[PDB]
Structures are given as structure tokens and as C-alpha cells.
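Since the structure comes first, as C-alpha cells, the remarks are kept for the end.
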Protein chains: 2
Amino acid sequence: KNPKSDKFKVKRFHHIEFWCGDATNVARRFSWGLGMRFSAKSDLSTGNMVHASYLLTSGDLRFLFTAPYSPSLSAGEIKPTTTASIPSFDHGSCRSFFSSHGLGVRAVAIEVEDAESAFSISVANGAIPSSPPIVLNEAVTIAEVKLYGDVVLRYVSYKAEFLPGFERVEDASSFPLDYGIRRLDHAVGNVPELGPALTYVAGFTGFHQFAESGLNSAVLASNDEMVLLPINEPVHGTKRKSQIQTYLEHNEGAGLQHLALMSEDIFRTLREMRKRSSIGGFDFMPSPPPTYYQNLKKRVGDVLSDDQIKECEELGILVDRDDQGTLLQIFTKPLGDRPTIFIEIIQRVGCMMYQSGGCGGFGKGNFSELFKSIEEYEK
Amino acid sequence: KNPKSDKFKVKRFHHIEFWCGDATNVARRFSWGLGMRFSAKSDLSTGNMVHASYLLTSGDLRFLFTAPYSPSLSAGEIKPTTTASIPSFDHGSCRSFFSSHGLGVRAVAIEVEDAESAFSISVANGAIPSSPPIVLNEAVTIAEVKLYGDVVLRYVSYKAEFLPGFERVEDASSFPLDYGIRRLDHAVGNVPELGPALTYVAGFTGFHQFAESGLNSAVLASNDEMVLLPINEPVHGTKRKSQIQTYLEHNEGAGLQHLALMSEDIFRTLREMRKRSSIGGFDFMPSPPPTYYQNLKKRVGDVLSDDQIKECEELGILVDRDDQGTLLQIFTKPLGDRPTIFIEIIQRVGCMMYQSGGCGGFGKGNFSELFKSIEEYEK
Ligand SMILES: Cc1c(C(=O)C2=C(O)CCCC2=O)ccc2ncn(-c3ccccc3)c(=O)c12
Ligand SMILES: Cc1c(C(=O)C2=C(O)CCCC2=O)ccc2ncn(-c3ccccc3)c(=O)c12
Ligand SMILES: [Co+2]
Ligand SMILES: [Co+2]
């Protein structure tokens, strides 16, 4: 059931912006760990006296890393005379965000038909404004509303190159890394109370709700279900402490929990990422027991061959299944110091018409199946 | 002339501590870029609710990366009940340092015979105390005095494993990277006024002074000249703006300018580092013109063969010479967002007795020779 109730025309995820203390070191770590190339910059060398911003890309996936310079470099500026390339940026906000939450996502950016219209309609329907629409070089419009915690939903619209004022990066310093990642599949928030968070976001977007161990969750989706925004709340009083509650404690409240990155070839992506885990890249969660992969034959033996299932076992990949499609997924350990944000790598099999959004679900069946494999393997 | 006037027994450089916003991402970037392995940690997994600290090592070189957790995790603690492994750490100080200066060196740590004695004698001779001597697990004593800006000189002494409360890192997650770096050769500060900075530091240590383009400098040295602390001040009114003044502006005042890391094989180190510059590692300053390497034959043709000189040319290595020894050196681009701290890679030839400290000097002749090569090459 898809009522197609979007209150404005939404296209696709556009970019994710991390707020950092040092953008250079985070961007370089992420580039090597994920196989993303440096493609654009806005910093002192481009005339930006306010913030350092570096853009990594892999396919359609765009990760932006931003950190503030000393306010003294721009102390004579006012907003009419700013050298910032992202006019919503504020030194105090960025320092407060990072000191409160540590390294994490500040903005989930979606491309829309008209960012000024999206902003107006959103706030008319309950959105809390964060940054008003600003037109950049008569070419791009950007606006921001609060999503949850200190995370903003950023609207970007183009009349007709990331953003004005960004320069493309010299071909000596943009090595063409590529481990197969191609786009953002979904972006997940953790909140203390799911109900009020859903009502708020579905309230101002018109996004609809998409089709025992820690959490309750629900997924909001755009008209073609290509923008997917799951939200989790903790379940208290359980035997094992809710990882959602641990997040909220270490993050100082609500924020973005994980980014799921679609791979065109999850086996290649995981081979390449795992080669680099101990040499500057990302670590992965502990692999499931072999009983999990023994049990895969009964669950997805019609979708994956034996060789492809044992390849899942080598790489620690999880598998889950909808009534419509199949999902391969795996989770990294937290991206930074705090047990807060992590990354999911995903590939979806089925639902071909192009592939429809959310094919195979989000892997919620893997909570039960992981547990079952734990006990089964223990014997 | 070495008066051997140390007011307490100093051994060697012990470690350098960076204060970070996210220790994980900086440590992983540095590990890959410099070929240092993860060897110790103190963080949530070791019971530290206050700060995340990760130690990288290469030979005798020790780089420590530290960042604060949310104060809420340790809000019930007092100093008598702290879970911090570094008792001098303070959330407010660390956040203030990073917001003021960005990523940079907080502590230059030297091993001494008796850190409590070193502290007492230092402050009796004018040192500004920063953290009093604290004995850790009856095994290690640590104390801190102000060096310049917000950089501290840290004294560490051992009765008889980095620090108590640090755990050695699992052998799955400590890949044995090694590009040839072996120890810290010197650590350099930038100050607004050289005279008062020298008088202060030489005042409380008894370190002695060791043997047209931007700066004045002088070098303070311990008795055996193995702890070497150069200090620079800007020279104003010059044609090209002083890089020392640019540092002071972007850093919000005095601080550590560069760390010089001795390599047992600078050609191997630079081959390995340059292979990684565009895949998460460090960039190097622009190479000198070929006239620089043509002129090397007349200057050091008795020390380096033609093949070894052209190998210097491939890697962009600089060469300078004392009356006593020869120096090979090269400088990275800044380590983070701001044009502040950078790294020097160094190897010294000569002065064998073991090799005496500072053999060949610090390369000050390369200001003139670089310039000369610039004009000569222009024709
Ligand atoms: C994170 C996740 C998902 C997931 O992507 C997800 C969404 O995208 C939206 C709905 C709710 C949700 O959780 C699905 C299944 C999972 N199964 C297990 N674990 C897990 C494994 C090991 C140790 C701790 C935890 C997960 O984190 C996990
Ligand atoms: C940094 C440095 C040193 C150096 O280590 C050093 C000390 O260890 C103590 C004494 C003063 C001093 O500068 C020596 C020679 C150099 N020559 C050139 N440049 C340089 C090249 C290119 C673009 C800007 C600058 C340097 O940075 C440079
Ligand atoms: Co997910
Ligand atoms: Co030097």
C-alpha cells in the first residue's frame, strides 16, 4: 500500500554531510576504507575562510566532510559577504554538534524539484526550520529543516558542480578508488520515542510508512520509495541492553544510527574493505557462526548457489528475504570513537520492473536468525 | 660548546600526544600514511569512561591520539575515582584546545629519571605547572609543565606497558606496517617572540643552545643532545609573508610546528609514503627543481653517489650539510585542515662515535639553496 502522498516532488538522496573536527583526516580515512575518490573541495585554497569541506564520491554516493576554521579568519565577514560555500554553516553550531555528539551525520540531503517550495510546504506542515532557502550563484537552491536530534533534512534543487564555490579536485590527488559502492540505499535515525518522531517527519513530508531484541522501528518512504528513512526507538527492560539506548546515551540523544550503502557487487566490496580493515579502513561486526550459513540453504537455496553461499560465509555476509526479494547485508563496527554511527553494506536481489526500492526489506529477520544460529551453534 | 647544564636527568623523547576530536579516524589515517602499527589502547573497552586514547608505534617512535567522550559517561567520577588512564586529561581543556587550534600536538613527552623531581626542579626554576606529578599503579610517574602556547612538556619516569591502564592491541587489529621510521629526532615550536620563549624553557630545563626568508630560530638541547627542541619566531615586513606568521594566525597563537621523524632508510620511507599520498596517506611539499639536484653534486658529491643523488631527485628529498655531518630531509604538507602542523622525514649521515645528536644540523642552508635553485631553474 503506497498512497503516494509526498507533499512536494522528491527525487533521490543527494549527499550525506558529516560534521568533523578535522575534515581532512576523516575524509582520507573514509576514502581508503570505502573506496571513494576525492572529487570536490571548498576550503582555504578555494577562497573559503569559514569551513573546510571535502567531497568523496563512489558512483552516485556523495559523502561530504566539513569542519570549521578559526572564526578569526572570517571575523570581518557578515552573511551578505560570506566566503562560506554552504551558507547554512555556523561555527558555533558545528563545534556544539561535534562536542555533543562526536563525529556524525549533520545533514541527510535529498534532491527535490524546488527547494524553496519544499521548505515552505514542509514548515507549513509542521517542520521546524533550520536554514531558510538560499540561492547559490543563481544555480542551486539549498534549505534545511530539523529531522531528529541535531540532524537536518537538507533540500537541494538545481535549475539545470556539486555546489557553487566547490572546485573539482586535481587529478594528481583524486586516485580512482572503487570497491563497488554505488548509492545510498537508506539512512536510519535513533530516537527516544518512535511515535512522535514518525508523526513529525511524515507530517511535513507526506512520506508514507513502507511495507524481542532491542528496538521498535518503522520506515518512511517517498513516492517511488527511493528515499527511505527508517527510525528506531529502544525497548527497555530486556535481558540484553538495547543498542538503541546505548546509542542515545553515548550520542547525547537522537541522531543518525547507520547509513546503508548499496553495492553493485557486495562480494567484491567486502573483499576490498576487509583487506583494509587493519590498515586504516573499517572493521566489521563479528561474523555469524557456521550454523547461520548451514541454515542459509533452507532459506535462500533457490536464490544463491552453494558457491555463492559459502562466499557469504567467508565474508561474514548476512542474508534475509521478503515476499518480493532477497537482501545481502553486513554491518561495520562504529565509524569513530563512540558506539554510535556505523555503516551497512547492502545488495538487493529481485523486484525488477529497474529495481523497486526496498526490495527484500531491511533485514529485520536477521535478529531472530542470528540469535537462532548463536544457540544452535552452541549446542 | 655543550655546558651540560640539564637541571635533572633527561633520557630520550618518549611520546607525542595529539589532541583530536575523533581519535579513531586520525589514528587510522596516520597509521596507514606513516607505517605505524597500533600497539596500545585505553578506551571504553578497557574501562576508560573519560577519553579514547590510541597508541601507534614505529621503532622507538610513539604517537598517541586522544579525544574526549561525552562528559556524561563519567559525570559521577571525581579525580580520586577517575577511570581516565591519563590523569592530566580534562574534557574542557581538550575541547578548548581542539576548537582553538584544530588537530595538533598537546604534549611533547620526554622520559626522565624522576618525573616528580623534574617537575619540582622545573617549577622552582620558572616553569608554569600544568599537571602535578601523579603516580600510576605505583609504577609510572607523569607530570606536565607549560612549554609554549597550549603545548605541555610532559615528564614520564618508570620505576622498572606504555602506561598503566593501557592494554596491548589484539593481533588481528595491529597489522605490522613499517616504512622505516624509527624515532623522533626533534620537535619544533612556533612562537611570536623567540627571545622570551628561549629564556623561559632554557630557564627551567637547563637545556643549552645547540651549535632573509621568514624566521629566526634557535635550538635547545639536553646534555647528550638527544632531546632537541628548536623554536621559531616570524620575521615581519618581508616580501613573501612569513610562514611562521601564517601558522600563528591559523593556529590561534603559538604551538608545535613540525615533528621530525628519523628514518633508518629515507629512500624506502619516502617510496612507501608517496605510494600512499593519494589513497589516505600524506602529501609532500612541491619538489625542488632539477637545478637543485644538479647543484647537489658540488655540495655533497663526496657523500652521495650519482645514483643516490638521482634517487633523491625522484623522491624530492632535500640535502644539507654541517661541518660535521650530512642531512637528508623532506617536508609533508600540513597534517590536517589548517596550514599549521606538518611532519619532516629525516636521515643523518656522519658524526659516529652511535651517532651524536643533531648530526648535520636542521637544514637551514636549504632556504638559500632552494631559492637559488628556483631562480637558476627559471633562467
Ligand atoms: C542494523 C540492523 C538492521 C538494519 O539495518 C535496520 C534497518 O535498516 C531498519 C529497521 C531496523 C534495523 O535494525 C537489520 C538487522 C540487523 N540485525 C542484526 N544487527 C546486529 C548484529 C550484530 C550486533 C548488533 C546488531 C543489526 O545491527 C541489524
Ligand atoms: C621546516 C624547514 C626546516 C626545519 O626543519 C627547521 C628546523 O627543524 C629548526 C630550524 C628552523 C627550521 O626551519 C629547514 C629547512 C627548510 N627549508 C625549506 N622549508 C620550506 C620548503 C618549502 C616551502 C616552505 C618551507 C622548510 O620548511 C624548512
Ligand atoms: Co539497514
Ligand atoms: Co626540522
Side-chain angles (χ1 to χ4, degrees), chain A residues 14-71 73-74 77 82-91 94 98 103 105-107 109 134 136-137 139-140 142 154 156 158 162-169 171-178 181 280, chain B residues 21-22 25-26 29 32-33 102-103 246 250 276-286 332-342:
Chain A
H14 190 267
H15 67 264
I16 296 296
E17 180 176 16
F18 295 83
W19 268 1
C20 310
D22 187 81
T24 291
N25 276 270
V26 182
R28 292 213 170 200
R29 194 285 184 101
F30 273 61
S31 175
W32 176 234
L34 288 154
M36 312 179 62
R37 54 197 72 171
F38 277 95
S39 61
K41 63 176 180 177
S42 173
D43 66 6
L44 290 173
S45 75
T46 70
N48 186 339
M49 308 292 111
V50 175
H51 58 95
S53 291
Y54 302 108
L55 182 78
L56 308 186
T57 59
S58 190
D60 289 344
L61 181 67
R62 301 181 185 100
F63 275 3
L64 182 66
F65 303 83
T66 299
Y69 292 127
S70 171
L73 307 189
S74 62
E77 299 177 14
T82 191
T83 58
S85 54
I86 301 174
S88 63
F89 182 87
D90 177 78
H91 288 100
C94 185
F98 194 85
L103 172 68
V105 173
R106 166 59 172 187
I134 295 137
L136 306 170
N137 196 31
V140 187
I142 182 166
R154 175 178 285 158
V156 50
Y158 295 86
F162 172 67
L163 290 183
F166 277 79
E167 300 187 7
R168 271 142 202 119
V169 158
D171 283 278
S173 57
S174 174
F175 196 103
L177 296 172
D178 180 16
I181 294 165
Chain B
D22 187 81
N25 276 270
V26 182
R29 194 285 184 101
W32 176 234
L103 172 68
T246 297
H250 287 259
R276 297 164 169 88
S277 292
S278 292
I279 56 174
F282 296 93
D283 300 334
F284 289 94
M285 281 313 172
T332 74
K333 290 196 182 178
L335 311 185
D337 291 338
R338 309 190 184 190
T340 50
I341 180 167
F342 56 98

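Order of the sequence lines fixes the chain letters, A, B, ..., with proteins taken first and strands second; residue numbering starts at 1 for each chain. Note that these values count all heavy atoms, side chains included, but never hydrogens, waters or copies made by symmetry.
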Item checked: Any residue meeting salt bridge (charged side-chain N to carboxylate O under 4.0 Å, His left out) with B:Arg276, in chain and number order, not counting sequence neighbours -> B:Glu272

Check: Short question: side chain of A:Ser42, backbone of A:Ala84 - any donor-acceptor pair under 3.5 Å?
Finding: no

Notebook entry, point to check: Do B:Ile279 and A:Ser31 come within less than 4.5 Å of each other through their side chains, counting heavy atoms only?
Noted result: no

Note to self: Restricting to non-hydrogen atoms, name the atom on A:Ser58 and the atom on A:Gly35 that form the minimum distance, rounded to 0.1 Å.
What the structure shows: OG-O, 3.6 Å

Item checked: A:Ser70 side chain reached by B:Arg338 side chain, heavy atoms, under 4.5 Å -> yes

Next item on the list: With sequence neighbours excluded, give me every salt bridge (charged side-chain N to carboxylate O under 4.0 Å, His left out) pair touching residues 14-25 of chain A.
Entry: A:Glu17-A:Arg154

Margin query: Please report the interatomic distance CG(A:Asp178) to OG1(A:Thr57), rounded to the nearest 0.5 Å.
Written below: 9.5 Å

Next item on the list: For the residue pair A:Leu136 and A:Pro87, establish whether any side-chain heavy-atom pair is separated by less than 4.5 Å.
Entry: yes

Check: Is the backbone of A:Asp43 close enough, under 3.5 Å, to the side chain of A:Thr46 for a donor and an acceptor to pair up by distance?
Finding: yes

Next item on the list: Examine distances only and state if a side-chain atom of B:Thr332 and a backbone atom of B:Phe284 form a donor-acceptor pair shorter than 3.5 Å.
Entry: no

Margin query: Nearest 0.5 angstrom please: A:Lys41 NZ to A:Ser53 OG, how far?
Written below: 12.5 Å

Next item on the list: Evaluate the side-chain proximity of A:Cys94 to A:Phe89: yes if any heavy-atom separation is below 4.5 Å, no if none is.
Entry: yes

Checklist line | Interatomic distance, B:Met285 atom CE to B:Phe342 atom CZ [nearest 0.5 angstrom] | finding: 6.5 Å

Checklist line | Cationic tip of B:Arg29 above B:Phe282 ring, under 6.0 Å, 45° of axis | finding: yes

Checklist line | A:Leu55 side, atom CG; A:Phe166 side, atom CZ - distance, nearest 0.5 Å | finding: 7.0 Å

Checklist line | Exercise: identify the closest heavy-atom pair between B:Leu103 and B:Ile341 | finding: O-CG2, 3.8 Å

Notebook entry, point to check: Under the 3.5 angstrom rule, does the side chain of B:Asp337 hit a backbone N or O of A:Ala23 as a donor-acceptor pair?
Noted result: yes

Note to self: To the closest 0.5 Å, what do you measure between OH (A:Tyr69) and OG1 (A:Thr83)?
What the structure shows: 9.5 Å

Check: Distance-only, no hydrogens or angles: does the B:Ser278 side chain make a donor-acceptor pair with backbone N or O of A:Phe175 under 3.5 Å?
Finding: no

Check: Taking the six-membered ring for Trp, are A:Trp32 and B:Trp32 parallel (under 30°), tilted (30 to 60°) or perpendicular (over 60°)?
Finding: parallel

Next item on the list: Find out whether A:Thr66 and A:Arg106 are in side-chain contact, i.e. whether some heavy atom of one side chain is under 4.5 Å from a heavy atom of the other.
Entry: no

Check: Would you say the side-chain atoms of A:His91 pair up with the backbone N or O of A:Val50, donor to acceptor, closer than 3.5 Å?
Finding: yes

Next item on the list: Report the distance from atom CD1 of A:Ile16 to atom CG of A:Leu61, rounding to the nearest 0.5 Å.
Entry: 8.0 Å

Check: Are any non-hydrogen side-chain atoms of A:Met49 and A:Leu44 less than 4.5 angstrom apart?
Finding: yes

Next item on the list: Please find out if less than 6.0 Å separates the ring center of A:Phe65 from that of A:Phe18.
Entry: yes

Notebook entry, point to check: Going by heavy atoms in the side chains, are A:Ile86 and A:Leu163 under 4.5 Å from each other?
Noted result: yes

Notebook entry, point to check: Donor-acceptor pair, A:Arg28 side chain versus B:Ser277 backbone, under 3.5 Å?
Noted result: yes

